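Trainee: Chains as they are written, first to last, in the deposited numbering: chain c, 76 to 161; chain a, 1 to 221, 230 to 541, 556 to 687; chain j, 43 to 141; chain E, 59 to 242; chain y, 169 to 223; chain D, 1 to 177.
Every residue, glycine too, gets a C-beta built ideally from N, C-alpha and C.
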Amino acid sequence: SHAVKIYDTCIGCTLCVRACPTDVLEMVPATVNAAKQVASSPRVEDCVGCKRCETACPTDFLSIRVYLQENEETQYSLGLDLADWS
Amino acid sequence: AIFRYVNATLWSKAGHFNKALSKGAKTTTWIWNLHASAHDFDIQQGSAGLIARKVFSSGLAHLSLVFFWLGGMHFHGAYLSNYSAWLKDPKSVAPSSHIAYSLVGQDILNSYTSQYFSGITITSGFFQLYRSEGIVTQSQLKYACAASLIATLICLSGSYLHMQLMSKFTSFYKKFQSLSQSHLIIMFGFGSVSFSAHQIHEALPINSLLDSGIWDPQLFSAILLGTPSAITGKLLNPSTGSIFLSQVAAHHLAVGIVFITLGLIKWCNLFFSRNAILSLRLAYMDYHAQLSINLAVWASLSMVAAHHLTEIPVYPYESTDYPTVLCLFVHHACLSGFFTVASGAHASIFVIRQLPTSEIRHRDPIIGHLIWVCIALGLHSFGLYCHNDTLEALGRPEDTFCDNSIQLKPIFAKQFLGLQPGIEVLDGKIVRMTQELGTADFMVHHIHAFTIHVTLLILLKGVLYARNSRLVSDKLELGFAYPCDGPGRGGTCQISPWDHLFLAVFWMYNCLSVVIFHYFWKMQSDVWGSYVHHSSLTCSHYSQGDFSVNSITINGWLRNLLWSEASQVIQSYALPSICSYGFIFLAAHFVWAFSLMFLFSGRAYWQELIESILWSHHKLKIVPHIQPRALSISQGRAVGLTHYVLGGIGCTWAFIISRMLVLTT
Amino acid sequence: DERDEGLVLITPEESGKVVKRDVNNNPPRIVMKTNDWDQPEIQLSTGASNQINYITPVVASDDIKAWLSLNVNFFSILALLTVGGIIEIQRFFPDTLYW
Amino acid sequence: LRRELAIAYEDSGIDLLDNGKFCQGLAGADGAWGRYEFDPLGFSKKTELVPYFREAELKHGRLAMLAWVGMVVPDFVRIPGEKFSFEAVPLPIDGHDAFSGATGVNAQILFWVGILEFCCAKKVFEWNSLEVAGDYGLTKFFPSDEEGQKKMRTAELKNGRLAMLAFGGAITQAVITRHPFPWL
Amino acid sequence: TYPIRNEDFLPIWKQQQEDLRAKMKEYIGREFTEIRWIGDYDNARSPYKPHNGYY
Amino acid sequence: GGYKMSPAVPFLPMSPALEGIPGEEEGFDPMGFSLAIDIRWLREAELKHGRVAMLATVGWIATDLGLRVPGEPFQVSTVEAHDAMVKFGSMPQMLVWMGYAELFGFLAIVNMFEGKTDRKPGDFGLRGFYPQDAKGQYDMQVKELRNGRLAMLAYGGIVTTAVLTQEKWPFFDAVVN
Ligand code: KC2
Ligand SMILES: CC1=C(C#C/C(C)=C/C=C/C(C)=C/C=C/C=C(C)/C=C/C=C(C)/C=C/[C@@]23O[C@]2(C)C[C@@H](O)CC3(C)C)C(C)(C)C[C@H](O)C1
Ligand SMILES: CC1=C(C#C/C(C)=C/C=C/C(C)=C/C=C/C=C(C)/C=C/C=C(C)/C=C/[C@@]23O[C@]2(C)C[C@@H](O)CC3(C)C)C(C)(C)C[C@H](O)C1
Ligand SMILES: CC1=C(C/C=C(\C)CCC[C@H](C)CCC[C@H](C)CCCC(C)C)C(=O)c2ccccc2C1=O
Ligand code: SF4
Ligand code: SF4
């Protein structure tokens, strides 16, 4: 699976969460920024690696980073449809 | 109707049409997007009425452009051409309405065409077209040019007017029954009848006099007079080597009558199976659906034109004007391919913007069987060539697929003309000769089928998997022209219908290049050439009939067609006639190679290089506020594709034209 | 707007209720908003009218100068003049015999 | 009554409601003893085009009235010219072919007729109405009474229709017989 | 060796074209004159005096 | 009283654009060109045509009568004078001068349309033999327009008849049949 990390530069605009195609991310309460919320990545097992969160991130450099891990590819991260590894 | 709203204020805005370009010129990507979306009237600011306005007015403006081009052709024929010398003696003098300057030694390009004329030999068949039309005087050509210019002005005025005449209530463009009926009865039926009238009343007497040898002004200013009972096409004009123009006029009269009859039976509702097409009628009332259908129709008609203009001779002396017939075939084949890939593109756009038909719901079997047929066709057809190569190299010709060895006879390729035995000749040239099909023709035709099927596979996959797929389920949300969906799910590069076209264009170009090479080599080896003396002639062909012996191997194609026949273009530098063709050969090679840059590289390298370069500009205080950017991914693909196709087409163009020009002169 | 000065421009609600003639003796004209940026308003006639409806566009020298000031026209004119100059130099002094 | 074109043009244009009369009450539908409303195919049901139909009918009638007399007179008399003489052109039906093309004799007629029609198109289209259909202001000799004007319009229409049929009859008979006036 | 298709017609075609040439020569009454590509010819039916012979 | 009818075509209403302009006494515009194009542009073009055609008519008449400027290159007929002088080099220089004068005319037209100057359509500021009274000025403008129109028609007739009959300007001793 890929690694989706969030950094404190986050401003809690929720655009990453809204752009998530498989609902990997969710906003959580925080005090670091004025919006009082920061995106989290609890369901990183479903991350496919499309980097749409990264596309939608406003900050100067991304407060959300998706690191691709081709060696640890799973069926959920590969979006397998015709074949099942479960 | 209100023309007070057309002002030049918007001319300097440069992006008013697209709302996404409101933040003008923050980067060079803005310039590129402006150009890319200039003519995408659907996504531009306004309404559906405005979209229709723009579509119709742009069609009229392009009509005016084409009329201007035709008028320029007529003017060049009238004033900058040797049409007089060609008309009196077509064989000796090559057509040339093209003259070059003497700027930098550039006068070398002009070549001997007549005693008093030096220029560039044209290959469009315009001289033969004029002769068929009966144009034999500079005054006639001048008035044709004047008519073309007047038509250009009229079309320009019509576009400008219709930009405001049509309002939001305008709906005449949605009256498909009226549109089709008018086009079928008037534009086609009445048009064909009127052109038959023109032929009968003007071209037939003039052409008959020209065939006889009469050049008298009074005569220039009794149908079926010379045509025997022989079936049309079974007997060519002995003095011209083309179908009788009276037969052509009768053809046009019959075609116009048939079109009028079809229109009238449709008017009376005689056609009954409306329900079988009602689904398409409801689904495909869209700009892009109609554009795709029309593009495919015109592509197929262009291919049929390419075949018939050569196989069936109708223009005077075009049969013996070998460069003309070859160039016509190649040009129309290329247009067929381009318009077919265009039809695929706009089918994909229609699927994206509108609801698709129900054949998309079993798309997996369709594309799966197409994939299988493509694989099997390619394997068998090309592996026969590879088998021939390997076995011949090993030294076992008896094991290869050829007429002498194992032979693949095209049993289904059967005659239908029923022509008499022999060939038709005209002044030391073979105007018409039957093409004899064998193993080489079998193999090359199956190669053609393979390439056509692979191009169709790419286009159909792009069309059917445009809305969604197993990989990505929101391709409809992504749109039509996007680079990818991301590096995820393994990587979603070129999943868009735009990229499917970007690949189908490569495959169409490959198919058309093979078709051009097949036609060129087969015609040179087995059809064209001269003859040496009931009389029996030994026919000396330009390529010496080597297609049937050498075309069975890829090495034979490489040696006897490319290397052997590139002698003219490769050795064209000193020759005044074709030095330009040699230089264009070289430059097209350069451009094709230069395209690989964009086809292989990626955006990020160039963006980083641009930033490193911009460091120095900033250091020296050269700050461009339209920040330089690397070309987008889709733009890089488009640029690479354009340069690739242009370079390949230029190499083929120069090679074939140089060969033909040198051989015929 | 000077073009429609003196014209009776009735809204669609007043159609047929107002029948006063224009300065040119024409009947009143119904004005409708189309919500089109290119043609914000369209006028229909209540009857036969004898009025001026210019088909020529309204072009200003300032607009033309701005269009030519657009970087494209500026640089295209610069490049065309440069190319013409080089071509004319080649014409007048061929082969660089002086060098 | 007939009002001056300036006043009549005040209410002009394509009407949308329909006066409930046969052909909007236009003249020319009147039998010898009673009323003859001839419209088997119901063309007059297009009340908006009715003024156009009357304008076209009057144009055809006037043109054919001229044409019939122009087919009759030439055989009896000709323009004093060598190319109009009976020897150069035997019958009027030959005039079209004799004077077509480079000679320009008929080209001039076509040119002037085209100029006149280009100038009259504005009335034909814009200023056409039930009352000004076929009215170019040439009202000299027009009676100053309602009944007189109606009768004169009826006479014009009847003679125009009679000549409209008579020109077809005469031209066809002349082409069939190649004979002088009596068969045309 | 390839025979020439429709050999028999060539003599016939030559005869037809020669016959048509003679017919038009007789019809005109004078020798055929080569047309001029850039020349101007008056119409035979023009009402004005000829400037250049209409033939 | 209804519409104001054109005196030229009594069965058509006068175009409102051609009211108050010299030459409105006739009020001739049946095709309605003044309803589609600016009357300022129309009158500017009409006056330019009239003046150019007057000069052309007088020049053609003079050359046909004779009166050729001293020199060998000018010993040609009026019909072929255009090509002869184009080859000679007179016509290119004349066209350069025309381009200069027409650049100034174009500036005048542009400024008039934009309203920078209160310039009448054909006015260039020349006041020679011009009556002081307004009625006289109107009459003189009408005289200019009518002479120019007559000159347009006269030049059309002169050039066409000259090319047809190959005769001199009067054409009286010409044969037509
Ligand atoms: C529906 C059946 C019908 C038929 C089949 C028929 C056939 C023919 C034929 C060919 C066989 C000719 C040649 C002919 C000729 C004329 N018909 Mg007639 N006609 C029919 C019906 C009426 C009616 C209802 C009226 C009428 C008239 C006239 C007038 C008078 C014109 C005038 O002087 O006003 C003329 C010249 C009107 C009238 O008043 O006749 C005294 C009139 O009211 N017709 N009619
Ligand atoms: C000479 C010539 C040329 C020509 C020509 C021209 C100008 C030809 C013109 C032909 C023309 C103008 C032909 C009219 C026909 C009218 C018909 C058939 C009317 C039938 C009418 C019928 C059948 C019935 C009518 C009525 O039933 C109705 C409707 C109601 C009833 O109450 C009354 C009656 C019964 C009467 C060229 C081309 C210019 C040059 C060339 O060189 C040769
Ligand atoms: C067609 C024809 C024929 C004819 C004819 C006809 C009717 C011909 C008509 C010709 C016609 C009508 C020709 C007018 C010319 C007027 C000119 C040149 C005026 C110049 C005026 C000038 C130069 C004025 C200049 C100034 O105003 C300026 C600019 C400002 C002020 O400083 C004042 C001055 C004065 C200095 C024939 C012969 C009858 C038969 C033949 O078969 C065919
Ligand atoms: C080279 C390259 C670039 C860099 C190329 C750029 C930025 C293009 C430069 C544009 C110039 C400024 C346009 C002007 C036209 C040429 C300079 C014209 C030269 C003409 C000669 C005859 C002199 C990309 O950005 C790119 C992006 C994605 C895939 C592949 C590539 C790619 O291959
Ligand atoms: S990851 Fe980016 S888009 Fe999401 S909350 Fe943080 S700053 Fe906003
Ligand atoms: S890469 Fe795509 S799937 Fe993974 S967290 Fe980001 S938006 Fe969601």
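Using a C-beta cutoff of 9 Å, does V176 of chain D count as contacting chain y?
Mentor: Taking a beta-carbon distance threshold of 9 Å, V176 of chain D counts as an interface residue toward chain y.
Trainee: Closest by CA to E367 of chain a, which one among a:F514, a:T328, a:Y473?
Mentor: Taking only the C-alpha atoms, the option nearest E367 of chain a is a:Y473.
Trainee: Confirm, please, whether the CB-CB distance from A61 of chain a to residue 224 of chain a is below 9 Å.
Mentor: Since chain a is numbered 221 and then 230, with no step between, residue 224 of chain a has no place in the structure shown.
Trainee: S366 of chain a bridges to which residues according to DSSP?
Mentor: DSSP output for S366 of chain a lists no bridge partner at all.
Trainee: Using a Cβ-Cβ distance under 9 Å, would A190 of chain y count as near chain E?
Mentor: no
Trainee: When you compare the CB of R71 of chain j with every CB in chain E, is at least one pair closer than 9 Å?
Mentor: no
Trainee: What did DSSP end up calling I374 of chain a once you bin it into helix, strand or coil?
Mentor: helix
Trainee: Quick one: using the 10 Å Cβ neighbour count with 16 as the cut-off for buried, is residue 290 of chain y buried or exposed?
Mentor: Missing from the structure shown is residue 290 of chain y; chain y here goes from 169 to 223 and no further.
Trainee: Hey, which residues come within less than 5 Å of ligand 1, measuring from Cβ to any heavy atom, in chain order?
Mentor: E:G89, E:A90, E:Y94
Trainee: Quick one: give me the first and last residue of the beta strand (DSSP E) that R440 of chain a is part of.
Mentor: 438 to 440
Trainee: Using a cut-off of 8 Å between C-beta atoms, extract the partners of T165 of chain D located in chain y.
Mentor: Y216, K217
Trainee: Using a Cβ-Cβ cut-off of less than 9 Å, list which residues of the stretch 182 to 206 of chain E approach chain j; keep chain order.
Mentor: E184, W185, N186, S187
Trainee: For ligand 4, is there a heavy atom less than 8 Å away from the beta-carbon of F195 of chain a?
Mentor: no
Trainee: Measure the alpha-carbon distance for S281 of chain a versus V266 of chain a and round it to whole angstroms.
Mentor: 20 Å
Trainee: Kindly examine ligand 6 and report whether one of its heavy atoms sits closer than 8 Å to the Cβ of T97 of chain c.
Mentor: yes
Trainee: Under a Cβ-count criterion, where at least 16 other Cβ atoms within 10 Å of its own Cβ denotes burial, should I574 of chain a be classed as buried or exposed?
Mentor: buried
Trainee: DSSP beta-bridge partners for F409 of chain a?
Mentor: a:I414
Trainee: Among j:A108, j:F134, j:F117, j:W141, which has the Cα closest to the Cα of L10 of chain a?
Mentor: Nearest C-alpha to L10 of chain a: j:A108.
Trainee: Tell me the DSSP bridge mates of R71 of chain j?
Mentor: DSSP lists j:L51, j:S87 as partners of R71 of chain j.
Trainee: Measuring only from the beta carbon, is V142 of chain D closer than 8 Å to any heavy atom that is part of ligand 3?
Mentor: no
Trainee: Return the Cβ separation of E68 of chain E and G2 of chain D in integer angstroms, given the expectation that the two are a contact with Cβ distance under 8 Å.
Mentor: Confirmed, Cβ separation roughly 5 Å.
Trainee: Kindly list, in the order they appear in chain D, the residues whose Cβ is closer than 8 Å to that of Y96 of chain j.
Mentor: Residues of chain D whose Cβ lies closer than 8 Å to the Cβ of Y96 of chain j are, in chain order, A36, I37, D38.
Trainee: In chain c, what lies closer than 8 Å to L486 of chain a by C-beta?
Mentor: Here the premise fails: no neighbours, minimum Cβ distance about 10 Å.
Trainee: Can you pull the chain j neighbours of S167 of chain a, defined as C-beta to C-beta under 9 Å?
Mentor: The contacting residues are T76, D78, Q81, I84.
Trainee: Do we get a CB-CB distance below 9 Å when we pair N66 of chain j with the residues of chain D?
Mentor: yes
Trainee: Can you give me the C-alpha to C-alpha distance between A25 of chain a and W32 of chain a, rounded to a whole angstrom?
Mentor: 10 Å
Trainee: Name the DSSP beta bridge partners of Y112 of chain a, please?
Mentor: Residue pairing of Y112 of chain a in beta bridges, as defined by DSSP: a:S118.
Trainee: Going by C-alpha to C-alpha distance, which of a:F252, a:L317, a:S57 sits closest to residue 222 of chain a?
Mentor: Here chain a breaks off after 221 and picks up again at 230, leaving residue 222 of chain a without coordinates.
Trainee: Taking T560 of chain a as the query, report the chain y residues whose CB atoms sit under 7 Å from its CB, ordered along the chain.
Mentor: Ordered by position in chain y, the residues that pass the 7 Å Cβ test against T560 of chain a are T169.
Trainee: Which runs of the alpha helix (DSSP H) spanning at least 4 residues fall entirely within the stretch 477 to 513 of chain a, listed in chain order?
Mentor: 483 to 486
Trainee: Output the distance between the C-alpha atoms of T686 of chain a and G537 of chain a, rounded to the nearest integer angstrom.
Mentor: 9 Å
Trainee: What are the boundary residues of the alpha helix (DSSP H) that includes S70 of chain E?
Mentor: Counting along the chain, no alpha helix (DSSP H) covers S70 of chain E, and no H or E run does either.
Trainee: Would you mind reading off the limits of the beta strand (DSSP E) that contains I81 of chain c?
Mentor: Its beta strand (DSSP E) spans residues 78 to 81.
Trainee: Can you find a heavy atom of ligand 2 that lies under 8 Å from the Cβ of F225 of chain E?
Mentor: yes
Trainee: Check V6 of chain a in the structure and name its three-state DSSP category.
Mentor: coil
Trainee: For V433 of chain a, which of helix, strand or coil comes out of DSSP?
Mentor: strand
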